[PDB]
Structure formats: structure tokens, C-alpha cells
$ cat target.tsv   # TSV, N, CA, C and O atoms
chain	number	residue	atom	x	y	z
A	313	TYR	N	20.34	21.32	1.29
A	313	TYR	CA	18.90	21.36	1.52
A	313	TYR	C	18.21	20.24	0.76
A	313	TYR	O	18.58	19.95	-0.38
A	314	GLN	N	17.20	19.62	1.38
A	314	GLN	CA	16.40	18.63	0.66
A	314	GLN	C	15.23	19.48	0.21
A	314	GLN	O	14.41	19.91	1.04
A	315	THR	N	15.17	19.81	-1.07
A	315	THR	CA	14.11	20.72	-1.48
A	315	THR	C	12.86	20.08	-2.07
A	315	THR	O	11.82	20.74	-2.10
A	316	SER	N	12.91	18.81	-2.49
A	316	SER	CA	11.79	18.16	-3.16
A	316	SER	C	12.10	16.69	-3.35
A	316	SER	O	13.14	16.18	-2.92
A	317	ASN	N	11.16	16.02	-4.01
A	317	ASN	CA	11.23	14.64	-4.46
A	317	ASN	C	10.79	14.68	-5.91
A	317	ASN	O	9.89	15.45	-6.27
A	318	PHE	N	11.41	13.87	-6.76
A	318	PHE	CA	11.05	13.86	-8.17
A	318	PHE	C	10.46	12.53	-8.61
A	318	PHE	O	10.76	11.48	-8.05
A	319	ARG	N	9.62	12.61	-9.64
A	319	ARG	CA	9.00	11.45	-10.26
A	319	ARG	C	8.79	11.76	-11.73
A	319	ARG	O	8.48	12.90	-12.10
A	320	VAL	N	8.94	10.73	-12.56
A	320	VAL	CA	8.78	10.84	-14.00
A	320	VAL	C	7.29	10.74	-14.32
A	320	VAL	O	6.62	9.80	-13.88
A	321	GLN	N	6.77	11.73	-15.04
A	321	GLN	CA	5.36	11.74	-15.38
A	321	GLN	C	5.08	10.79	-16.54
A	321	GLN	O	5.95	10.56	-17.38
A	322	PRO	N	3.88	10.20	-16.59
A	322	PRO	CA	3.56	9.26	-17.67
A	322	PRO	C	3.40	9.90	-19.04
A	322	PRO	O	2.92	11.03	-19.18
A	323	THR	N	3.83	9.15	-20.04
A	323	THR	CA	3.78	9.55	-21.45
A	323	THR	C	2.35	9.46	-21.97
A	323	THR	O	1.86	10.38	-22.63
A	324	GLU	N	1.67	8.37	-21.65
A	324	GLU	CA	0.30	8.12	-22.09
A	324	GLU	C	-0.38	7.24	-21.05
A	324	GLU	O	0.16	6.98	-19.98
A	325	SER	N	-1.59	6.78	-21.37
A	325	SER	CA	-2.38	5.95	-20.49
A	325	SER	C	-2.59	4.57	-21.08
A	325	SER	O	-2.75	4.41	-22.30
A	326	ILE	N	-2.58	3.56	-20.21
A	326	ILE	CA	-2.74	2.16	-20.59
A	326	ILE	C	-3.91	1.60	-19.80
A	326	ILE	O	-3.89	1.61	-18.56
A	327	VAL	N	-4.92	1.11	-20.52
A	327	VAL	CA	-6.12	0.51	-19.93
A	327	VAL	C	-6.31	-0.86	-20.58
A	327	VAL	O	-6.28	-0.99	-21.81
A	328	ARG	N	-6.30	-1.90	-19.76
A	328	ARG	CA	-6.47	-3.27	-20.21
A	328	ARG	C	-7.51	-3.96	-19.35
A	328	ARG	O	-7.44	-3.90	-18.12
A	329	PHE	N	-8.47	-4.61	-19.99
A	329	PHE	CA	-9.55	-5.31	-19.33
A	329	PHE	C	-9.46	-6.79	-19.69
A	329	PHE	O	-8.86	-7.13	-20.71
A	330	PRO	N	-10.01	-7.69	-18.87
A	330	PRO	CA	-9.93	-9.12	-19.20
A	330	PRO	C	-10.70	-9.52	-20.44
A	330	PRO	O	-11.56	-8.80	-20.95
A	331	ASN	N	-10.34	-10.71	-20.93
A	331	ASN	CA	-10.85	-11.24	-22.19
A	331	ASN	C	-12.35	-11.52	-22.10
A	331	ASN	O	-12.86	-11.95	-21.06
A	332	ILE	N	-13.05	-11.26	-23.19
A	332	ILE	CA	-14.48	-11.55	-23.27
A	332	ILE	C	-14.67	-12.94	-23.86
A	332	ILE	O	-15.80	-13.33	-24.17
A	333	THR	N	-13.57	-13.67	-24.03
A	333	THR	CA	-13.54	-14.96	-24.73
A	333	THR	C	-14.40	-15.99	-24.01
A	333	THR	O	-14.76	-15.83	-22.84
A	334	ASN	N	-14.76	-17.05	-24.76
A	334	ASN	CA	-15.73	-18.09	-24.35
A	334	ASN	C	-17.10	-17.45	-24.15
A	334	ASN	O	-17.74	-17.58	-23.10
A	335	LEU	N	-17.52	-16.69	-25.16
A	335	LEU	CA	-18.85	-16.09	-25.19
A	335	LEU	C	-19.95	-17.15	-25.23
A	335	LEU	O	-19.76	-18.26	-25.73
A	336	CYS	N	-21.11	-16.78	-24.69
A	336	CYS	CA	-22.40	-17.45	-24.62
A	336	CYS	C	-23.18	-17.15	-25.90
A	336	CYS	O	-22.96	-16.10	-26.53
A	337	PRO	N	-24.08	-18.02	-26.36
A	337	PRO	CA	-24.87	-17.68	-27.55
A	337	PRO	C	-25.93	-16.61	-27.31
A	337	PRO	O	-27.13	-16.90	-27.32
A	338	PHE	N	-25.49	-15.37	-27.07
A	338	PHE	CA	-26.42	-14.27	-26.85
A	338	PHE	C	-27.18	-13.90	-28.12
A	338	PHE	O	-28.30	-13.37	-28.04
A	339	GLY	N	-26.60	-14.18	-29.29
A	339	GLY	CA	-27.26	-13.96	-30.56
A	339	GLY	C	-28.18	-15.05	-31.03
A	339	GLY	O	-28.53	-15.06	-32.22
A	340	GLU	N	-28.56	-16.00	-30.16
A	340	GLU	CA	-29.47	-17.07	-30.57
A	340	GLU	C	-30.84	-16.51	-30.91
A	340	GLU	O	-31.43	-16.87	-31.94
A	341	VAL	N	-31.36	-15.62	-30.07
A	341	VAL	CA	-32.64	-14.97	-30.35
A	341	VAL	C	-32.52	-13.97	-31.49
A	341	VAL	O	-33.52	-13.64	-32.13
A	342	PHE	N	-31.31	-13.49	-31.78
A	342	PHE	CA	-31.12	-12.57	-32.90
A	342	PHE	C	-31.11	-13.31	-34.23
A	342	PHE	O	-31.66	-12.82	-35.22
A	343	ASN	N	-30.50	-14.49	-34.27
A	343	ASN	CA	-30.44	-15.29	-35.49
A	343	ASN	C	-31.55	-16.33	-35.58
A	343	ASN	O	-31.52	-17.15	-36.50
A	344	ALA	N	-32.48	-16.36	-34.61
A	344	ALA	CA	-33.55	-17.35	-34.60
A	344	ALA	C	-34.45	-17.21	-35.83
A	344	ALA	O	-34.69	-16.11	-36.33
A	345	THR	N	-34.93	-18.35	-36.32
A	345	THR	CA	-35.75	-18.35	-37.54
A	345	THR	C	-37.14	-17.80	-37.27
A	345	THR	O	-37.61	-16.90	-37.98
A	346	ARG	N	-37.83	-18.33	-36.25
A	346	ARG	CA	-39.20	-17.94	-35.95
A	346	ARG	C	-39.37	-17.72	-34.46
A	346	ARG	O	-38.90	-18.52	-33.65
A	347	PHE	N	-40.04	-16.62	-34.10
A	347	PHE	CA	-40.34	-16.32	-32.71
A	347	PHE	C	-41.72	-16.89	-32.35
A	347	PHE	O	-42.31	-17.66	-33.11
A	348	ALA	N	-42.23	-16.50	-31.19
A	348	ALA	CA	-43.57	-16.83	-30.76
A	348	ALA	C	-44.46	-15.60	-30.91
A	348	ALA	O	-44.03	-14.55	-31.39
A	349	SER	N	-45.72	-15.73	-30.50
A	349	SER	CA	-46.65	-14.62	-30.55
A	349	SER	C	-46.29	-13.54	-29.53
A	349	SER	O	-45.51	-13.77	-28.60
A	350	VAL	N	-46.83	-12.34	-29.77
A	350	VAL	CA	-46.57	-11.18	-28.91
A	350	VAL	C	-47.03	-11.44	-27.47
A	350	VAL	O	-46.40	-10.98	-26.51
A	351	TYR	N	-48.13	-12.18	-27.29
A	351	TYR	CA	-48.55	-12.61	-25.96
A	351	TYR	C	-47.82	-13.87	-25.50
A	351	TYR	O	-47.79	-14.16	-24.30
A	352	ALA	N	-47.24	-14.62	-26.43
A	352	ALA	CA	-46.52	-15.86	-26.18
A	352	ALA	C	-45.02	-15.66	-26.00
A	352	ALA	O	-44.29	-16.65	-26.05
A	353	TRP	N	-44.58	-14.40	-25.89
A	353	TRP	CA	-43.17	-13.99	-25.91
A	353	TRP	C	-42.29	-14.80	-24.95
A	353	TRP	O	-42.67	-15.09	-23.82
A	354	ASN	N	-41.13	-15.20	-25.46
A	354	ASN	CA	-40.17	-16.00	-24.71
A	354	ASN	C	-39.10	-15.11	-24.09
A	354	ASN	O	-38.67	-14.13	-24.71
A	355	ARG	N	-38.69	-15.46	-22.88
A	355	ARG	CA	-37.68	-14.71	-22.14
A	355	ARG	C	-36.40	-15.54	-22.08
A	355	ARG	O	-36.42	-16.67	-21.57
A	356	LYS	N	-35.31	-14.99	-22.60
A	356	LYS	CA	-34.02	-15.67	-22.58
A	356	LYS	C	-33.29	-15.31	-21.30
A	356	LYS	O	-33.05	-14.12	-21.03
A	357	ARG	N	-32.93	-16.32	-20.51
A	357	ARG	CA	-32.22	-16.12	-19.26
A	357	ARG	C	-30.72	-16.16	-19.52
A	357	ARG	O	-30.19	-17.18	-19.98
A	358	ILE	N	-30.04	-15.05	-19.24
A	358	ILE	CA	-28.60	-14.94	-19.45
A	358	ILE	C	-27.95	-14.80	-18.08
A	358	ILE	O	-28.18	-13.81	-17.37
A	359	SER	N	-27.16	-15.79	-17.70
A	359	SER	CA	-26.48	-15.79	-16.41
A	359	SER	C	-25.08	-16.36	-16.58
A	359	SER	O	-24.88	-17.30	-17.36
A	360	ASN	N	-24.13	-15.80	-15.82
A	360	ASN	CA	-22.70	-16.15	-15.85
A	360	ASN	C	-22.14	-16.04	-17.27
A	360	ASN	O	-21.55	-16.98	-17.82
A	361	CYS	N	-22.36	-14.88	-17.88
A	361	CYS	CA	-21.96	-14.64	-19.26
A	361	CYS	C	-21.42	-13.22	-19.40
A	361	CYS	O	-21.56	-12.38	-18.51
B	706	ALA	N	30.65	-3.39	62.00
B	706	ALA	CA	30.96	-3.06	63.39
B	706	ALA	C	31.23	-1.56	63.55
B	706	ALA	O	31.66	-0.89	62.61
B	707	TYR	N	30.87	-1.01	64.70
B	707	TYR	CA	30.99	0.42	64.94
B	707	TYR	C	31.66	0.60	66.30
B	707	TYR	O	31.12	0.17	67.32
B	708	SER	N	32.83	1.24	66.31
B	708	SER	CA	33.54	1.51	67.55
B	708	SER	C	34.37	2.76	67.34
B	708	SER	O	34.75	3.08	66.21
B	709	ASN	N	34.65	3.46	68.44
B	709	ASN	CA	35.42	4.69	68.35
B	709	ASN	C	36.91	4.43	68.18
B	709	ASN	O	37.59	5.15	67.43
B	710	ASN	N	37.45	3.43	68.86
B	710	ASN	CA	38.88	3.17	68.80
B	710	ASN	C	39.24	2.13	67.75
B	710	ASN	O	40.42	1.80	67.62
B	711	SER	N	38.27	1.63	66.99
B	711	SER	CA	38.51	0.61	65.98
B	711	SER	C	38.51	1.24	64.60
B	711	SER	O	37.71	2.14	64.31
B	712	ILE	N	39.41	0.76	63.74
B	712	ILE	CA	39.53	1.25	62.37
B	712	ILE	C	39.85	0.06	61.47
B	712	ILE	O	40.42	-0.94	61.92
B	713	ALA	N	39.43	0.15	60.21
B	713	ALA	CA	39.70	-0.88	59.22
B	713	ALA	C	40.44	-0.25	58.05
B	713	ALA	O	39.97	0.74	57.48
B	714	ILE	N	41.59	-0.81	57.70
B	714	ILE	CA	42.37	-0.31	56.57
B	714	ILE	C	42.56	-1.47	55.60
B	714	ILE	O	42.81	-2.60	56.04
B	715	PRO	N	42.42	-1.26	54.29
B	715	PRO	CA	42.60	-2.36	53.34
B	715	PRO	C	44.05	-2.80	53.21
B	715	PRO	O	44.95	-1.97	53.06
B	716	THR	N	44.27	-4.11	53.28
B	716	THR	CA	45.60	-4.68	53.08
B	716	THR	C	45.86	-5.14	51.65
B	716	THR	O	47.01	-5.48	51.33
B	717	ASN	N	44.85	-5.16	50.78
B	717	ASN	CA	45.02	-5.65	49.41
B	717	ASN	C	43.92	-5.01	48.57
B	717	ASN	O	42.93	-4.50	49.10
B	718	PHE	N	44.10	-5.04	47.25
B	718	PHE	CA	43.16	-4.38	46.34
B	718	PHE	C	42.99	-5.23	45.08
B	718	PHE	O	43.59	-6.30	44.94
B	719	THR	N	42.16	-4.74	44.17
B	719	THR	CA	41.95	-5.37	42.87
B	719	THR	C	41.54	-4.31	41.86
B	719	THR	O	41.02	-3.26	42.23
B	720	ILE	N	41.81	-4.58	40.59
B	720	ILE	CA	41.46	-3.67	39.50
B	720	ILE	C	40.29	-4.25	38.72
B	720	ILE	O	40.44	-5.26	38.02
B	721	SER	N	39.13	-3.62	38.83
B	721	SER	CA	37.90	-4.06	38.18
B	721	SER	C	37.59	-3.16	36.99
B	721	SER	O	37.82	-1.95	37.04
B	722	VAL	N	37.14	-3.74	35.88
B	722	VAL	CA	36.75	-2.97	34.71
B	722	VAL	C	35.27	-3.21	34.43
B	722	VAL	O	34.81	-4.36	34.39
B	723	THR	N	34.48	-2.13	34.38
B	723	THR	CA	33.05	-2.30	34.15
B	723	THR	C	32.68	-1.73	32.79
B	723	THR	O	33.51	-1.20	32.05
B	724	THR	N	31.39	-1.84	32.45
B	724	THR	CA	30.90	-1.38	31.16
B	724	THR	C	29.57	-0.65	31.23
B	724	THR	O	28.58	-1.19	31.74
B	725	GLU	N	29.55	0.57	30.71
B	725	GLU	CA	28.36	1.41	30.59
B	725	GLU	C	28.29	1.71	29.10
B	725	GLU	O	29.28	2.14	28.50
B	726	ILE	N	27.13	1.49	28.53
B	726	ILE	CA	26.90	1.61	27.10
B	726	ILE	C	25.99	2.82	26.96
B	726	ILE	O	24.83	2.80	27.40
B	727	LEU	N	26.52	3.91	26.39
B	727	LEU	CA	25.78	5.15	26.22
B	727	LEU	C	25.56	5.51	24.76
B	727	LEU	O	26.54	5.72	24.02
B	728	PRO	N	24.30	5.57	24.31
B	728	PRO	CA	24.01	5.98	22.93
B	728	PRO	C	24.32	7.44	22.64
B	728	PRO	O	24.12	8.32	23.49
B	729	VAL	N	24.78	7.70	21.41
B	729	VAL	CA	25.18	9.03	20.96
B	729	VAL	C	24.18	9.63	19.97
B	729	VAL	O	23.62	10.70	20.21
B	730	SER	N	24.00	9.00	18.80
B	730	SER	CA	23.11	9.49	17.77
B	730	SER	C	22.14	8.40	17.32
B	730	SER	O	22.35	7.22	17.58
B	731	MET	N	21.07	8.81	16.64
B	731	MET	CA	20.08	7.88	16.10
B	731	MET	C	20.09	7.97	14.58
B	731	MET	O	20.86	8.72	13.98
B	732	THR	N	19.21	7.20	13.94
B	732	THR	CA	19.15	7.15	12.48
B	732	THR	C	18.46	8.38	11.91
B	732	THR	O	17.35	8.74	12.33
B	733	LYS	N	19.11	9.03	10.94
B	733	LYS	CA	18.57	10.21	10.28
B	733	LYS	C	17.48	9.80	9.29
B	733	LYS	O	17.72	8.98	8.40
B	734	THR	N	16.27	10.36	9.45
B	734	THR	CA	15.12	10.05	8.60
B	734	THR	C	14.43	11.33	8.13
B	734	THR	O	14.37	12.31	8.87
B	735	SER	N	13.98	11.35	6.87
B	735	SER	CA	13.22	12.47	6.32
B	735	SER	C	12.03	11.95	5.54
B	735	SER	O	12.21	11.21	4.56
B	736	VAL	N	10.81	12.31	5.95
B	736	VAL	CA	9.58	11.83	5.32
B	736	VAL	C	8.91	12.95	4.52
B	736	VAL	O	8.65	14.03	5.06
B	737	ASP	N	8.63	12.68	3.24
B	737	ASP	CA	7.93	13.61	2.36
B	737	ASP	C	6.42	13.63	2.59
B	737	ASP	O	5.77	12.57	2.64
B	738	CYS	N	5.83	14.84	2.56
B	738	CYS	CA	4.40	14.94	2.84
B	738	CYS	C	3.59	14.54	1.63
B	738	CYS	O	2.56	13.88	1.76
B	739	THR	N	4.07	14.90	0.43
B	739	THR	CA	3.28	14.64	-0.76
B	739	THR	C	3.36	13.16	-1.10
B	739	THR	O	2.33	12.54	-1.39
B	740	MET	N	4.55	12.58	-1.04
B	740	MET	CA	4.68	11.18	-1.39
B	740	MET	C	4.05	10.32	-0.30
B	740	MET	O	3.62	9.20	-0.59
B	741	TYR	N	3.94	10.84	0.93
B	741	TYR	CA	3.24	10.09	1.97
B	741	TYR	C	1.73	10.07	1.71
B	741	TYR	O	1.06	9.08	2.04
B	742	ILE	N	1.18	11.10	1.06
B	742	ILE	CA	-0.23	11.06	0.66
B	742	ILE	C	-0.44	10.21	-0.58
B	742	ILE	O	-1.12	9.17	-0.51
B	743	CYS	N	0.17	10.60	-1.71
B	743	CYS	CA	0.34	9.74	-2.88
B	743	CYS	C	1.24	10.45	-3.88
B	743	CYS	O	1.38	11.68	-3.87
B	744	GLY	N	1.81	9.66	-4.78
B	744	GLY	CA	2.62	10.16	-5.86
B	744	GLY	C	1.90	10.06	-7.20
B	744	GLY	O	0.85	9.41	-7.31
B	745	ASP	N	2.49	10.71	-8.21
B	745	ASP	CA	2.04	10.68	-9.61
B	745	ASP	C	0.57	11.09	-9.79
B	745	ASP	O	-0.10	10.63	-10.72
B	746	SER	N	0.07	11.95	-8.92
B	746	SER	CA	-1.30	12.41	-8.98
B	746	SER	C	-1.34	13.87	-8.56
B	746	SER	O	-0.70	14.26	-7.58
B	747	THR	N	-2.11	14.66	-9.30
B	747	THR	CA	-2.29	16.06	-8.98
B	747	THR	C	-3.41	16.29	-7.98
B	747	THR	O	-3.49	17.39	-7.43
B	748	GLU	N	-4.20	15.26	-7.68
B	748	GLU	CA	-5.29	15.41	-6.72
B	748	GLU	C	-4.74	15.51	-5.30
B	748	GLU	O	-5.23	16.31	-4.49
B	749	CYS	N	-3.68	14.75	-5.02
B	749	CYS	CA	-3.06	14.88	-3.71
B	749	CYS	C	-2.37	16.23	-3.57
B	749	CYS	O	-2.46	16.85	-2.51
B	750	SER	N	-1.78	16.76	-4.65
B	750	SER	CA	-1.07	18.03	-4.51
B	750	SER	C	-2.01	19.23	-4.40
B	750	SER	O	-1.75	20.12	-3.57
B	751	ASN	N	-3.12	19.26	-5.17
B	751	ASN	CA	-3.99	20.44	-5.07
B	751	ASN	C	-4.71	20.39	-3.73
B	751	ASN	O	-4.94	21.43	-3.11
B	752	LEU	N	-5.15	19.19	-3.30
B	752	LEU	CA	-5.88	19.20	-2.04
B	752	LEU	C	-4.93	19.37	-0.86
B	752	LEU	O	-5.38	19.81	0.21
B	753	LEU	N	-3.64	19.04	-1.01
B	753	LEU	CA	-2.68	19.18	0.07
B	753	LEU	C	-2.16	20.62	0.22
B	753	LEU	O	-1.87	21.04	1.35
B	754	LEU	N	-2.07	21.39	-0.87
B	754	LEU	CA	-1.59	22.77	-0.77
B	754	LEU	C	-2.52	23.73	-0.03
B	754	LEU	O	-2.05	24.78	0.43
$ encode --input "target.tsv" --output "C-alpha cells"
Amino acid sequence: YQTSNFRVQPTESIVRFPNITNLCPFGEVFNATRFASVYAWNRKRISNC
Amino acid sequence: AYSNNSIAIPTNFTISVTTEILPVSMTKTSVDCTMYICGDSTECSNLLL
């Protein structure tokens, strides 16, 4: 009789994501010396990062 | 030709060998229902039962 099919169950889980390397200066506004006025506020455009 | 008093009898013969090819059996196959849905997952087994 062919009663079943078998498979080895996994021991643990493995999750790998690609490198975040070659980062953009997202901390430029964080380490900036002086900002502008509250009405003069600057908007940092972050694209392809 | 067709006549009442006429008859044809063979004066010589020949031995001919022909070929008929007759299949007997086919390939034995068995398909699993669970592995056909997916393996290594309990979602296929609970929804399949």
C-alpha cells in the first residue's frame, strides 16, 4: 500500500533581506547646525534611498 | 471474370510475414493530493481535510 508521502520539517526559520549599504545622508537634517524659521521650514526630498 | 464452367486454381504461392503492433500496459503513476497542493505547510492540510 502507498499510505503517505514524507517530508522533513524545518528546525528553525531563516529570514534574510538585502543590504541597506550605500546609505544616503538622511541624518543631514539631524546633524545640521542651524535650521530655518518655523514659517521658513525646509523640506528634504528623499528619493531612491 | 464470372462464368459457370470457369474456375481458377493457384499454381504457385508465397509466404508473407506482416506486423501488427499491439500495446499491453502503460506507465504506472500515482499523484499525491497534499503534495499537489503544497508541501511543508499546514495551511494546505487543514484546508484540504
$ interface_residues --input "target.tsv" --of "chain A" --to "chain B" --cutoff "8 Å" --atoms "only N, CA, C and O atoms" --output "ChimeraX atom specification"
/A:316-317,319-322
$ atom_distance --input "target.tsv" --atom1 "atom C of residue 354 (chain A)" --atom2 "atom N of residue 333 (chain A)"
25.6 Å
$ atom_distance --input "target.tsv" --atom1 "atom N of residue 353 (chain A)" --atom2 "atom O of residue 340 (chain A)"
14.7 Å
$ atom_distance --input "target.tsv" --atom1 "atom O of residue 344 (chain A)" --atom2 "atom N of residue 356 (chain A)"
13.8 Å
